[PDB]
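Below, in C-alpha cells: the form deposited in one PDB entry, a single chain.
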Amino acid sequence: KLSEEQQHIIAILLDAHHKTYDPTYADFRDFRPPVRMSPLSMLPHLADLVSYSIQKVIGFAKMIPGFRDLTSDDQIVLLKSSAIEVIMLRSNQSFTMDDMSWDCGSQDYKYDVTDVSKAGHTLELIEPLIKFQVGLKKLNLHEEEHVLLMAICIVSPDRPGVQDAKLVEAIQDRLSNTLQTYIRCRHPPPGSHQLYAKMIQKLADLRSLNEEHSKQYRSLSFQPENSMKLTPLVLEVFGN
C-alpha cells in the first residue's frame, strides 16, 4: 500500500530534516551567551535559539511536497501560525526524560525548567510544555513519522487567515495518508497501536500550547525593554 509517490515524499522530508537539524548543535556558539545566576537572564540566549530554530523550520517547510504551489501569503500565514509548534515538535529530538531537559551537547546548552523560567515564563505555564515532550517522547516515533508530523502541522488548513484552504487541505491529506500508510506498513506492534490517532492528538495539544504561548509572548513583548532583547525575525514572525 506504500505507493511510490509516498516513499518519495518520505525521502524528501527526511532529507529536508537532515539539512535543517544539526544533532551536533555546533551553531549554538554564535548565540548570545547563556546566563545562569539576573531577571530574564536566559532571554537573549533563548531568543537566539528560537530565532535560529525559526530559520531552520522555514528551510524545512520549503521542501514540503506541495508547499511551493501555495501563494506567498498562504506560506507566510502557515509558517507564522506553526513556527512555535514545529519548534516544540523538533525540540523533542534533544529532550530527554532522564531529567526532563533539552540536552544539546554540553551543559552550557542543556536547558531545564529553571532556564526557561529565566526567559520570562513562569514555571507554571512551562509544565504543560514538559508534559507534551514526555508524551511525545514515549511515542518513540520513527524519524519518518517525526518529519511527517512536522510537515502535517505546517500545512494545516484551519489556520486563521488562510486564503486557499482547499489547497492546504489537499496538500495535508497527501501527507496524512502517507503517514497512515507508513505506520500500517512499516511500524510494528504494539508501538503502532493507534499511533496515528495519538500523533494527531499531539497536533491538538500543540494548538493549546500555541494559544498559551501567544498570550505569554503578548505580555512579554508588550514590555519594550524585553522586546528589545529579541531578534528581528522573532519580532516579525511572532509579532511586534
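The term rigid core refers to the maximal set of C-alpha atoms that superpose within 1.5 Å between the two forms. Shifts are known only where both forms have a C-alpha. Quick note: we count residues from 1 along the sequence shown, nothing fancier.
Omitted here: the form deposited in another entry. The next part is about that form.
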inquiry  = Let me spell it out: fit the two forms on their rigid core, measure each listed C-alpha, and pick the one of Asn177, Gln201, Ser192, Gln55 that moves 2 Å or more between the shown form and the other one. Which is it?
reply    = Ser192
message = At a 2 Å cut-off on C-alpha positions, does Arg32 qualify as shifted between the shown form and the other one after fitting the rigid core?
response = no
inquiry  = Thinking of the 3 angstroms or more shift, are the C-alphas of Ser192 and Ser94 brought closer or pushed farther apart in the other entry than in this view?
reply    = farther
ask   = So the Cα-Cα distance between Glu169 and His193 shifts by 3 Å or more in the other entry; is it shorter or longer than what we see here?
value = closer
key: Superposed on the rigid core, segments between the shown form and the other one of at least 3 residues with Cα shifts of 2 Å or more   = 186-193, 215-221
